[PDB]
Each structure stands twice: as C-alpha cells, then as structure tokens.
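Next up: just one chain, as structure tokens, the form deposited in one PDB entry.
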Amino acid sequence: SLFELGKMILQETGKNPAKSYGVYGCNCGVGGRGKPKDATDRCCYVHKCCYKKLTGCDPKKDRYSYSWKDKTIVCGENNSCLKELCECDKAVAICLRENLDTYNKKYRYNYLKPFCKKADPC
C-alpha cells in the first residue's frame, strides 16, 4: 500500500517521500506517466509500469509487510499481489536512492503533469 511505499522511499532515500516525490516530474506520485524529466522521474515511470503488470492488485490500498536483512528490503509475503507490489515498491525506493544525486527540486511540484508528453507504452 501507499504506507509501505512511502516508508521504503523514506528508508532508502532519507527524504520525506510524499513531499519529495508525490508530484515530481512527469511520473512520480499523483497522476499517470509521461516522458521522464530525469533519472528520478524514470524510476517512477518504471514503477508505474511495474504496477500495470499486475492484474487485480490495488497498489494504493493492499497492505503488506516487509522486513530488513543486511540493510536490504525483504519481500516475504506469500500472497501474489502483496509480493509483487512489495517488489515494485522496493525497486522504486532503491532506484530513487541510486539517483538521489540528480534529484532536482525544480521538478518537485510539477503542476504541469497533464501537459507532459505522452509516455512510451510500458
């Protein structure tokens, strides 16, 4: 669910996840996908495509548990949606961390998301 996703992003990036990514670029947070502005945005693009692969899951509401082993996220749920959502969320939190150095606050509150150029199909 959103709560787990936010926590993973917070735990991997150290940033306030909704504030920093909730409206970032053409793909992060609210709304859909669009041409990525940068690497951080591409992380979010990939994340939304990851969600789209799933059938019958609710990425916003479906709560799952995850744990830490050796400072790495462990997705141990047996429920297929919960496992897959967890893996999508883990991947985007890692990707956002990996690309932290090019985070650009200019993109943080993108009130022009609806005018983003159309994303390529997932």
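Note that the rigid core is defined as the largest set of C-alphas that superpose within 1.5 Å between two forms. All residue numbers refer to positions in the sequence shown, first residue = 1.
Once the structures in 7 other deposited structures of this protein are superposed via the core, the pair 57-65 and 26-34 is resolved in favour of 57-65 as the more displaced stretch (C-alpha RMS). Relative to the shown model and aligned on the rigid core, the C-alphas in 7 other deposited structures of this protein deviate most, among 90-98 and 71-79, for 71-79. 15-23 and 107-115 differ in mean CA B-factor, and the higher of the two is recorded for 107-115. Just going by the entry, 46-54 versus 93-101 on mean CA temperature factor gives the higher value to 46-54. In this PDB entry, the Cα temperature factor of residue 72 sits in the top third of its chain's modelled residues, the highest group. Per-chain ranking of the deposited C-alpha B factor places residue 87 in the middle third. When the modelled residues of the chain are ordered by C-alpha B-factor, residue 79 sits in the middle third.
The following text describes the form solved in complex with a small molecule, which does not appear among the structures shown.
In the entry with it bound, at least one heavy atom of residue 2 sits within 4.5 Å of the small molecule. Although the partner is absent here, residue 86 sits far enough away that none of its heavy atoms falls within 4.5 Å of the small molecule in the entry with it bound.
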